[PDB]
Protein chains: 2
Amino acid sequence: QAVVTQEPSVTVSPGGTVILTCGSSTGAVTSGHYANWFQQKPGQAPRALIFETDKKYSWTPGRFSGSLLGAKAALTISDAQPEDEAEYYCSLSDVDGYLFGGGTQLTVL
Amino acid sequence: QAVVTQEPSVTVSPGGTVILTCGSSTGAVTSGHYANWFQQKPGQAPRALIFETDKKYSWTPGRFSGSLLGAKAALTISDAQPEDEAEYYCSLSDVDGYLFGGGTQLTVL
Ligand SMILES: CN(C)c1ccc(C(c2ccc(O)cc2)c2ccc(N(C)C)cc2)cc1
């Protein structure tokens with residue numbers, strides 16, 4: 001009966017490291033939720049970045065990694081670049097289906 | 001424009017084995033498209049079934065398997081059960097985004 005939780009907005013300094021987190025409203029997020037992350041720039045088609053908590057696609061920037069941090073799924077963006085300014089969407093899953101968070105708007109300073 | 005193509009409708013008998021395919025209109029499908037498969041039973045929330053072409057979730061019945069077959073991605077359903085009757089969607093992606101096929105209606109009699 002849980003929903004996916006994401007901080008609405010988050011900032012980072014250029015060259016800085018920022019951690020986006022994705023939570024469950026009822027409990028802890030584990031690797032059993034197979035967290036996926038998606039990047040979206042306004043008006044544009046969303047792009048898949050991370051699957052199965054920490055797996056990258058061939059096109060996933062080396063700067064980006066997924067992991068579990070505490071009771072949450074986490075997307076770490078190292079060495080932030082201007083082109084990383086986007087909405088980041090988290091999806092969590094179980095046997096009853098998959099749900100999306102409302103996204104985090106990342107601003108690069 | 002580019003599209004992902006699935007057969008609209010396929011029929012298998014209980015106990016049978018059936019192949020659903022997922023093609024790309026702009027070339028062969030490779031593991032580099034990271035094919036995902038999803039299932040929507042009538043009245044139910046969509047579930048994820050297969051990702052990265054052939055990886056299963058802990059809740060994916062072992063009678064489902066994903067593979068590359070000819071120039072296409074494929075979802076092979078063996079020992080088909082009544083409950084396997086559902087709409088099946090595949091999705092393919094590249095550096096620019098992901099596309100869903102139109103869905104395959106699987107009828108088990
Ligand atoms: C297991 N979990 C949490 C999960 C898995 C896959 C997806 C997903 C997806 C994307 C859009 C959508 O409307 C529905 C699902 C998706 C679609 C395509 C791709 N590729 C790489 C083709 C990846 C993820 C969402 C959540």
# chains A, B, ... in the order shown; residues from 1 in each chain; ligands from 1

$ residues_around --residues "range 23-36 of chain A" --least-positions-apart "5" --cutoff "7 Å" --atoms "only C-alpha atoms" --output "list in words"
residues 2, 3, 4, 5, 6, 50, 51, 52, 53, 71, 72, 73, 90, 91, 92, 93 and 94 of chain A

$ write_last_selection --atoms "C-alpha atoms" --output "compact mmCIF listing (two decimals), in the first residue's frame"
# COMPACT_ATOMS: atom_id res chain seq x y z
CA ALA A 2 3.09 2.28 -0.18
CA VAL A 3 3.86 5.25 -2.35
CA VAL A 4 7.28 6.26 -3.69
CA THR A 5 8.83 9.39 -2.10
CA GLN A 6 11.32 11.86 -3.61
CA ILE A 50 19.73 2.89 -13.66
CA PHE A 51 18.02 -0.48 -13.20
CA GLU A 52 18.11 -3.20 -10.53
CA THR A 53 19.23 -0.66 -7.90
CA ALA A 71 16.34 2.79 4.01
CA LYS A 72 16.29 4.39 0.54
CA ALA A 73 17.38 3.96 -3.05
CA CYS A 90 12.56 6.87 -9.32
CA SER A 91 10.50 3.72 -9.75
CA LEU A 92 10.14 0.91 -7.22
CA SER A 93 8.59 -2.46 -7.76
CA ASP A 94 7.22 -5.57 -6.14

$ calpha_fit_rmsd --fixed "chain B" --moving "chain A"
0.7 Å

$ interface_residues --of "chain A" --to "chain B" --cutoff "6 Å" --atoms "only C-alpha atoms" --output "ChimeraX atom specification"
/A:46-47,59,95,97

$ closest_residue --among "A:43, A:18, A:78, A:37" --to "ligand 1" --atoms "only C-alpha atoms and all ligand atoms"
A:37

$ select_by_dssp --residues "chain A" --states "helix (DSSP H, G or I)" --output "PyMOL selection string"
chain A and resi 31-33+82-84

$ write_last_selection --atoms "N, CA, C and O atoms" --output "mmCIF file, in the first residue's frame"
data_model
loop_
_atom_site.group_PDB
_atom_site.id
_atom_site.type_symbol
_atom_site.label_atom_id
_atom_site.label_comp_id
_atom_site.auth_asym_id
_atom_site.auth_seq_id
_atom_site.Cartn_x
_atom_site.Cartn_y
_atom_site.Cartn_z
ATOM 1 N N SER A 31 16.956 -4.115 -2.240
ATOM 2 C CA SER A 31 17.314 -4.479 -3.600
ATOM 3 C C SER A 31 16.189 -5.303 -4.226
ATOM 4 O O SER A 31 16.053 -5.359 -5.444
ATOM 5 N N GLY A 32 15.344 -5.874 -3.369
ATOM 6 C CA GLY A 32 14.120 -6.531 -3.805
ATOM 7 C C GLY A 32 13.089 -5.629 -4.476
ATOM 8 O O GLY A 32 12.132 -6.130 -5.068
ATOM 9 N N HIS A 33 13.271 -4.309 -4.389
ATOM 10 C CA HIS A 33 12.403 -3.364 -5.084
ATOM 11 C C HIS A 33 12.912 -3.046 -6.488
ATOM 12 O O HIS A 33 12.204 -2.392 -7.262
ATOM 13 N N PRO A 82 26.461 20.981 -16.014
ATOM 14 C CA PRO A 82 25.243 21.704 -16.393
ATOM 15 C C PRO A 82 24.201 20.817 -17.071
ATOM 16 O O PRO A 82 23.010 20.991 -16.830
ATOM 17 N N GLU A 83 24.641 19.870 -17.891
ATOM 18 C CA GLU A 83 23.704 19.028 -18.622
ATOM 19 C C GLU A 83 22.992 18.001 -17.719
ATOM 20 O O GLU A 83 22.140 17.248 -18.180
ATOM 21 N N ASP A 84 23.344 17.985 -16.436
ATOM 22 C CA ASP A 84 22.706 17.097 -15.472
ATOM 23 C C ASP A 84 21.478 17.744 -14.855
ATOM 24 O O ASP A 84 20.750 17.107 -14.092
#

$ residues_around --residues "residue 63 in chain A" --least-positions-apart "4" --cutoff "8 Å" --atoms "only C-alpha atoms" --output "PyMOL selection string"
chain A and resi 76-80

$ select_by_dssp --residues "chain A" --states "strand (DSSP E or B)" --output "PyMOL selection string"
chain A and resi 4-6+9-12+18-24+36-40+47-51+55-56+64-69+72-77+86-94+97-100+104-108

$ closest_residue --among "A:75, A:19, A:85, A:56" --to "ligand 1" --atoms "only C-alpha atoms and all ligand atoms"
A:56

$ atom_distance --atom1 "CA of residue 17 in chain B" --atom2 "CA of residue 67 in chain B"
14.4 Å

$ residues_around --residues "residue 10 in chain B" --least-positions-apart "4" --cutoff "10 Å" --atoms "only C-alpha atoms" --output "ChimeraX atom specification"
/B:18-20,104-108

$ write_last_selection --atoms "N, CA, C and O atoms" --output "PDB file, in the first residue's frame"
ATOM      1  N   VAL B  18       4.693 -20.718 -26.049  1.00  0.00           N
ATOM      2  CA  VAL B  18       4.419 -19.719 -27.062  1.00  0.00           C
ATOM      3  C   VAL B  18       5.486 -18.634 -27.003  1.00  0.00           C
ATOM      4  O   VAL B  18       5.993 -18.310 -25.930  1.00  0.00           O
ATOM      5  N   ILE B  19       5.829 -18.083 -28.160  1.00  0.00           N
ATOM      6  CA  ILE B  19       6.842 -17.044 -28.242  1.00  0.00           C
ATOM      7  C   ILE B  19       6.202 -15.705 -28.589  1.00  0.00           C
ATOM      8  O   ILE B  19       5.461 -15.609 -29.567  1.00  0.00           O
ATOM      9  N   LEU B  20       6.458 -14.681 -27.780  1.00  0.00           N
ATOM     10  CA  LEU B  20       6.068 -13.330 -28.164  1.00  0.00           C
ATOM     11  C   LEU B  20       7.324 -12.583 -28.612  1.00  0.00           C
ATOM     12  O   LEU B  20       8.354 -12.654 -27.959  1.00  0.00           O
ATOM     13  N   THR B 104       0.926  -7.281 -26.824  1.00  0.00           N
ATOM     14  CA  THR B 104       0.426  -8.522 -27.379  1.00  0.00           C
ATOM     15  C   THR B 104      -0.639  -9.069 -26.462  1.00  0.00           C
ATOM     16  O   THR B 104      -0.403  -9.236 -25.265  1.00  0.00           O
ATOM     17  N   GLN B 105      -1.814  -9.337 -27.013  1.00  0.00           N
ATOM     18  CA  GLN B 105      -2.858 -10.012 -26.250  1.00  0.00           C
ATOM     19  C   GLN B 105      -2.622 -11.528 -26.292  1.00  0.00           C
ATOM     20  O   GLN B 105      -2.649 -12.146 -27.351  1.00  0.00           O
ATOM     21  N   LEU B 106      -2.362 -12.125 -25.136  1.00  0.00           N
ATOM     22  CA  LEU B 106      -2.164 -13.557 -25.084  1.00  0.00           C
ATOM     23  C   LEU B 106      -3.426 -14.216 -24.576  1.00  0.00           C
ATOM     24  O   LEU B 106      -3.894 -13.921 -23.476  1.00  0.00           O
ATOM     25  N   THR B 107      -3.980 -15.105 -25.393  1.00  0.00           N
ATOM     26  CA  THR B 107      -5.139 -15.890 -25.008  1.00  0.00           C
ATOM     27  C   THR B 107      -4.719 -17.321 -24.660  1.00  0.00           C
ATOM     28  O   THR B 107      -4.063 -17.984 -25.461  1.00  0.00           O
ATOM     29  N   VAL B 108      -5.059 -17.780 -23.459  1.00  0.00           N
ATOM     30  CA  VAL B 108      -4.868 -19.180 -23.074  1.00  0.00           C
ATOM     31  C   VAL B 108      -6.265 -19.809 -23.075  1.00  0.00           C
ATOM     32  O   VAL B 108      -7.187 -19.251 -22.478  1.00  0.00           O
TER      33      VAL B 108
END

$ atom_distance --atom1 "atom 23 (C, counted along the ligand's line) of ligand 1" --atom2 "CA of residue 101 in chain B"
13.1 Å

$ atom_distance --atom1 "atom 6 (C, counted along the ligand's line) of ligand 1" --atom2 "CA of residue 1 in chain B"
23.4 Å

$ closest_residue --among "A:81, A:42, A:69, A:22" --to "ligand 1" --atoms "only C-alpha atoms and all ligand atoms"
A:22
